[PDB]
Amino acid sequence: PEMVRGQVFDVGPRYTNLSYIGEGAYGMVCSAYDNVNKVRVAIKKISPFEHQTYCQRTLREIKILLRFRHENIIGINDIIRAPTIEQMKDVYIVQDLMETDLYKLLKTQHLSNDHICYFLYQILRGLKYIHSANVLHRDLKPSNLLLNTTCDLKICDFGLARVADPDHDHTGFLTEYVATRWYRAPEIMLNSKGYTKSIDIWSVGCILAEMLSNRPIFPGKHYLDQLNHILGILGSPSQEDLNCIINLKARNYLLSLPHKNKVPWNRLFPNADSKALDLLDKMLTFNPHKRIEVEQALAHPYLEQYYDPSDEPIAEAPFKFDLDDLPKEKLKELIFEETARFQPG
Ligand SMILES: COc1cccc([C@@H](C)NC(=O)CN2Cc3ccc(-c4nc(NC5CCOCC5)ncc4Cl)cc3C2=O)c1
C-alpha cells in the first residue's frame with residue numbers, strides 16, 4: 001500500500017508512483033502512473049460512508065459522470081474499491097489528469113480576448129450537453145473548470161448536480177442554499193431552489209466577468225450580501241421583473257431598497273470586447289425567464305468563430321436517477337452496484 005500524506009492509497013497494482021496534488025472536504029487527490037494506459041492520471045480518494053451527504057455527492061458524481069461522454073466534461077476512467085461491501089471503506093475515482101484549473105489560472109495570468117472566447121465556448125459547449133440531459137450542474141465556478149497545457153477545458157464536480165425540476169422551483173425568501181456564494185443567481189436569495197437551467201447560466205455569466213478582470217464580479221461575504229453586490233451592478237429591478245416575484249417577503253424586501261442605477265458593463269470592463277459584454281449582459285439578467293439559454297449563448301455573435309451546432313453534441317437520452325431521503329447505508333449499496341463494472345470481469 002502506497003502512502004502519501006498520512007493516508008493509505010490502495011490503488012495498485014495498476015496505479016503507481018503517486019504524487020500529492022491536493023485535498024479538501026471531498027478527500028484527497030494524487031496523480032499516479034497508470035501502468036495499463038502508460039499516462040499519469042488523477043486519483044481522488046473518497047471516504048464518504050460515515051456521512052449521508054458525502055454518499056449523496058459521491059453517488060451523483062459517479063452516476064452522472066459514467067453516463068456522460070463529452071470532450072468538455074471530465075470522465076471517470078476507473079473506480080477502485082474493495083471486492084465486498086463489508087470491506088469497502090474507500091472509493092478511488094480515476095480521472096484524466098489536468099494541468100490546472102481556471103481559479104488558479106485567473107489568480108496568476110491575464111487572459112487574452114482569444115483565450116476568454118475559447119474558454120467560454122468550451123464551458124457553454126459542455127453545458128449544452130449537460131442541460132440536454134435535463135441535468136443542472138449547480139456549482140459552476142472557476143475551480144470546477146479544469147485545463148490542460150493547450151487550454152482544453154473540462155467541467156468537473158457533479159456532486160451538487162440535479163435533474164431539472166422547474167415546476168418545484170419556487171420557495172420563500174432567504175431559503176438556505178449549498179452551492180458557492182459568489183456564483184449564486186439573485187433568485188436563489190429571493191424565491192428559487194435552483195432547480196432550473198437558468199441557475200447555471202448565471203454562474204457562467206459570473207465566470208465570464210471574472211475572466212474579463214481576474215476578479216470575482218459579486219464577491220458577497222454572506223448570504224444576503226450576495227444580493228447587495230448583484231443589485232449594486234445591475235441596479236434596481238424593473239416593475240415587470242418585480243411583478244414576477246409573487247412572494248411578498250421577497251418583493252417587499254426589494255421595494256424597501258433605495259433606487260440604484262445600473263453600472264454599465266463597459267465602465268466595469270473598459271478593455272473588453274463589446275460582443276463579450278453584450279453576451280455578459282444576457283447571461284447576467286436579473287429575471288431568470290429573460291436570461292439567455294445555453295443554445296442561444298452559443299449562437300451569440302461573440303462566439304461566431306467557434307459556433308457549430310453540428311459539433312456541439314447533445315446527450316442520447318435525458319438523465320434520471322432511480323433520491324435525497326435514502327440512508328447512508330442504502331447509498332453505500334448503490335455506490336457498490338454503480339462501481340461494479342470496474343472490478344475484474
Ligand atoms: C464536498 O464533499 C464531497 C464528499 C464526497 C464526494 C465529493 C465529490 C463529489 N467531489 C469531488 O470529487 C470534487 N473534486 C475534487 C477534485 C480534485 C481534483 C480534481 C482534478 N484535478 C486535476 N488537476 C489539478 C492539478 C492541480 O491544479 C488543479 C487541477 N486533474 C483532474 C482532476 Cl479530476 C477534480 C476534483 C473534483 O471534481 C464531495
# chains A, B, ... in the order shown; residues from 1 in each chain; ligands from 1

call {"tool": "closest_atom_pairs", "arguments": {"of": "stretch 117-178 of chain A", "to": "stretch 292-315 of chain A", "cutoff": "6 Å", "atoms": "only C-alpha atoms", "output": "Markdown table"}}
result
| residue | atom | partner | partner_atom | distance |
| --- | --- | --- | --- | --- |
| A:125 | CA | A:312 | CA | 5.8 |
| A:128 | CA | A:294 | CA | 5.8 |
| A:129 | CA | A:314 | CA | 4.6 |
| A:132 | CA | A:314 | CA | 5.7 |
| A:133 | CA | A:315 | CA | 5.4 |

call {"tool": "closest_atom_pairs", "arguments": {"of": "chain A", "to": "ligand 1", "cutoff": "6 Å", "atoms": "only C-alpha atoms and all ligand atoms", "output": "JSON lines"}}
result
{"residue": "A:21", "atom": "CA", "partner": "ligand 1", "partner_atom_place_in_ligand_line": "26 (C)", "distance": 5.9}
{"residue": "A:25", "atom": "CA", "partner": "ligand 1", "partner_atom_place_in_ligand_line": "1 (C)", "distance": 5.1}
{"residue": "A:26", "atom": "CA", "partner": "ligand 1", "partner_atom_place_in_ligand_line": "3 (C)", "distance": 3.6}
{"residue": "A:29", "atom": "CA", "partner": "ligand 1", "partner_atom_place_in_ligand_line": "17 (C)", "distance": 5.6}
{"residue": "A:42", "atom": "CA", "partner": "ligand 1", "partner_atom_place_in_ligand_line": "31 (C)", "distance": 5.0}
{"residue": "A:46", "atom": "CA", "partner": "ligand 1", "partner_atom_place_in_ligand_line": "6 (C)", "distance": 5.9}
{"residue": "A:48", "atom": "CA", "partner": "ligand 1", "partner_atom_place_in_ligand_line": "5 (C)", "distance": 5.5}
{"residue": "A:54", "atom": "CA", "partner": "ligand 1", "partner_atom_place_in_ligand_line": "4 (C)", "distance": 3.8}
{"residue": "A:57", "atom": "CA", "partner": "ligand 1", "partner_atom_place_in_ligand_line": "9 (C)", "distance": 4.5}
{"residue": "A:58", "atom": "CA", "partner": "ligand 1", "partner_atom_place_in_ligand_line": "6 (C)", "distance": 4.3}
{"residue": "A:61", "atom": "CA", "partner": "ligand 1", "partner_atom_place_in_ligand_line": "9 (C)", "distance": 5.1}
{"residue": "A:95", "atom": "CA", "partner": "ligand 1", "partner_atom_place_in_ligand_line": "33 (Cl)", "distance": 5.0}
{"residue": "A:96", "atom": "CA", "partner": "ligand 1", "partner_atom_place_in_ligand_line": "31 (C)", "distance": 5.5}
{"residue": "A:97", "atom": "CA", "partner": "ligand 1", "partner_atom_place_in_ligand_line": "30 (N)", "distance": 3.9}
{"residue": "A:98", "atom": "CA", "partner": "ligand 1", "partner_atom_place_in_ligand_line": "30 (N)", "distance": 3.7}
{"residue": "A:99", "atom": "CA", "partner": "ligand 1", "partner_atom_place_in_ligand_line": "25 (C)", "distance": 5.0}
{"residue": "A:100", "atom": "CA", "partner": "ligand 1", "partner_atom_place_in_ligand_line": "27 (O)", "distance": 3.6}
{"residue": "A:101", "atom": "CA", "partner": "ligand 1", "partner_atom_place_in_ligand_line": "28 (C)", "distance": 4.8}
{"residue": "A:146", "atom": "CA", "partner": "ligand 1", "partner_atom_place_in_ligand_line": "29 (C)", "distance": 5.9}
{"residue": "A:156", "atom": "CA", "partner": "ligand 1", "partner_atom_place_in_ligand_line": "37 (O)", "distance": 4.8}
{"residue": "A:157", "atom": "CA", "partner": "ligand 1", "partner_atom_place_in_ligand_line": "37 (O)", "distance": 3.6}
{"residue": "A:158", "atom": "CA", "partner": "ligand 1", "partner_atom_place_in_ligand_line": "9 (C)", "distance": 6.0}
{"residue": "A:159", "atom": "CA", "partner": "ligand 1", "partner_atom_place_in_ligand_line": "9 (C)", "distance": 3.9}

call {"tool": "write_last_selection", "arguments": {"atoms": "N, CA and C atoms", "output": "mmCIF file, in the first residue's frame"}}
result
data_model
loop_
_atom_site.group_PDB
_atom_site.id
_atom_site.type_symbol
_atom_site.label_atom_id
_atom_site.label_comp_id
_atom_site.auth_asym_id
_atom_site.auth_seq_id
_atom_site.Cartn_x
_atom_site.Cartn_y
_atom_site.Cartn_z
ATOM 1 N N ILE A 21 -1.325 15.999 -4.961
ATOM 2 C CA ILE A 21 -1.861 17.156 -5.706
ATOM 3 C C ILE A 21 -2.561 18.090 -4.726
ATOM 4 N N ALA A 25 -12.630 18.793 1.551
ATOM 5 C CA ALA A 25 -13.710 18.096 2.280
ATOM 6 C C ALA A 25 -14.063 16.757 1.626
ATOM 7 N N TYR A 26 -13.993 16.704 0.268
ATOM 8 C CA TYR A 26 -14.208 15.508 -0.551
ATOM 9 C C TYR A 26 -13.263 14.339 -0.201
ATOM 10 N N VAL A 29 -6.469 13.982 -3.363
ATOM 11 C CA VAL A 29 -6.183 13.724 -4.741
ATOM 12 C C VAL A 29 -4.695 13.671 -4.970
ATOM 13 N N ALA A 42 -5.344 11.405 -12.590
ATOM 14 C CA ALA A 42 -5.746 11.929 -11.303
ATOM 15 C C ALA A 42 -6.512 10.814 -10.610
ATOM 16 N N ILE A 46 -12.058 8.994 -1.895
ATOM 17 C CA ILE A 46 -13.275 9.415 -1.227
ATOM 18 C C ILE A 46 -13.542 8.392 -0.116
ATOM 19 N N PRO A 48 -16.569 8.337 2.111
ATOM 20 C CA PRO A 48 -17.824 9.050 2.410
ATOM 21 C C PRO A 48 -18.820 8.333 3.306
ATOM 22 N N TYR A 54 -22.080 12.984 2.044
ATOM 23 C CA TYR A 54 -20.891 12.640 1.264
ATOM 24 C C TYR A 54 -21.212 11.480 0.357
ATOM 25 N N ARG A 57 -23.186 13.032 -2.614
ATOM 26 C CA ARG A 57 -22.285 13.697 -3.542
ATOM 27 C C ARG A 57 -21.512 12.687 -4.381
ATOM 28 N N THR A 58 -21.005 11.630 -3.727
ATOM 29 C CA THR A 58 -20.298 10.539 -4.381
ATOM 30 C C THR A 58 -21.182 9.817 -5.417
ATOM 31 N N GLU A 61 -22.085 12.142 -8.495
ATOM 32 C CA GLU A 61 -20.859 12.284 -9.291
ATOM 33 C C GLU A 61 -20.639 11.036 -10.151
ATOM 34 N N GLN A 95 -9.496 9.707 -12.915
ATOM 35 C CA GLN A 95 -9.872 10.629 -13.970
ATOM 36 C C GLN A 95 -8.669 11.129 -14.696
ATOM 37 N N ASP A 96 -8.904 11.686 -15.910
ATOM 38 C CA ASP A 96 -7.819 12.263 -16.713
ATOM 39 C C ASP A 96 -7.179 13.352 -15.884
ATOM 40 N N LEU A 97 -5.858 13.409 -15.889
ATOM 41 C CA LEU A 97 -5.127 14.359 -15.080
ATOM 42 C C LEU A 97 -5.055 15.646 -15.874
ATOM 43 N N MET A 98 -5.384 16.746 -15.250
ATOM 44 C CA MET A 98 -5.351 18.050 -15.932
ATOM 45 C C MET A 98 -4.311 18.952 -15.234
ATOM 46 N N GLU A 99 -3.655 19.858 -15.988
ATOM 47 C CA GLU A 99 -2.506 20.670 -15.510
ATOM 48 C C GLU A 99 -2.940 21.619 -14.423
ATOM 49 N N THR A 100 -4.086 22.276 -14.621
ATOM 50 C CA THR A 100 -4.501 23.349 -13.739
ATOM 51 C C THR A 100 -6.030 23.535 -13.820
ATOM 52 N N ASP A 101 -6.516 24.625 -13.246
ATOM 53 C CA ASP A 101 -7.920 24.968 -13.277
ATOM 54 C C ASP A 101 -8.058 26.456 -13.472
ATOM 55 N N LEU A 146 -11.435 22.588 -15.273
ATOM 56 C CA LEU A 146 -10.077 22.072 -15.416
ATOM 57 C C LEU A 146 -9.502 22.366 -16.802
ATOM 58 N N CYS A 156 -15.764 19.805 -14.163
ATOM 59 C CA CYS A 156 -15.758 18.732 -13.179
ATOM 60 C C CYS A 156 -16.690 19.020 -12.010
ATOM 61 N N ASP A 157 -16.769 18.057 -11.065
ATOM 62 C CA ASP A 157 -17.508 18.124 -9.814
ATOM 63 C C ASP A 157 -19.019 18.194 -9.974
ATOM 64 N N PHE A 158 -19.640 17.024 -10.079
ATOM 65 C CA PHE A 158 -21.071 16.936 -10.229
ATOM 66 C C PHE A 158 -21.768 16.495 -8.953
ATOM 67 N N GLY A 159 -21.119 16.680 -7.810
ATOM 68 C CA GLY A 159 -21.668 16.243 -6.523
ATOM 69 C C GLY A 159 -22.878 17.012 -6.068
#

call {"tool": "residues_around", "arguments": {"residues": "residue A:38", "least_positions_apart": "5", "cutoff": "12 Å", "atoms": "only C-alpha atoms", "output": "MDAnalysis selection string"}}
result
chainID A and resid 14:17 32:33

call {"tool": "write_last_selection", "arguments": {"atoms": "C-alpha atoms", "output": "PDB file, in the first residue's frame"}}
result
ATOM      1  CA  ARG A  14      -2.437  -0.743 -11.780  1.00  0.00           C
ATOM      2  CA  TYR A  15      -1.606   2.737 -10.365  1.00  0.00           C
ATOM      3  CA  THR A  16       1.898   3.591  -9.008  1.00  0.00           C
ATOM      4  CA  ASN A  17       4.396   6.460  -8.390  1.00  0.00           C
ATOM      5  CA  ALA A  32      -0.383   8.306 -10.335  1.00  0.00           C
ATOM      6  CA  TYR A  33       1.240   6.450 -13.220  1.00  0.00           C
TER       7      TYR A  33
END

call {"tool": "residues_around", "arguments": {"residues": "residue A:258", "least_positions_apart": "5", "cutoff": "12 Å", "atoms": "only C-alpha atoms", "output": "PyMOL selection string"}}
result
chain A and resi 228+231-232+235-237+253

call {"tool": "atom_distance", "arguments": {"atom1": "atom CA of residue A:78", "atom2": "atom CA of residue A:6"}}
result
23.6 Å

call {"tool": "select_by_dssp", "arguments": {"residues": "stretch 73-277 of chain A", "states": "helix (DSSP H, G or I)", "output": "MDAnalysis selection string"}}
result
chainID A and resid 102:108 113:132 142:144 166:168 181:183 186:190 198:213 223:234 239:243 248:256 265:268 274:277
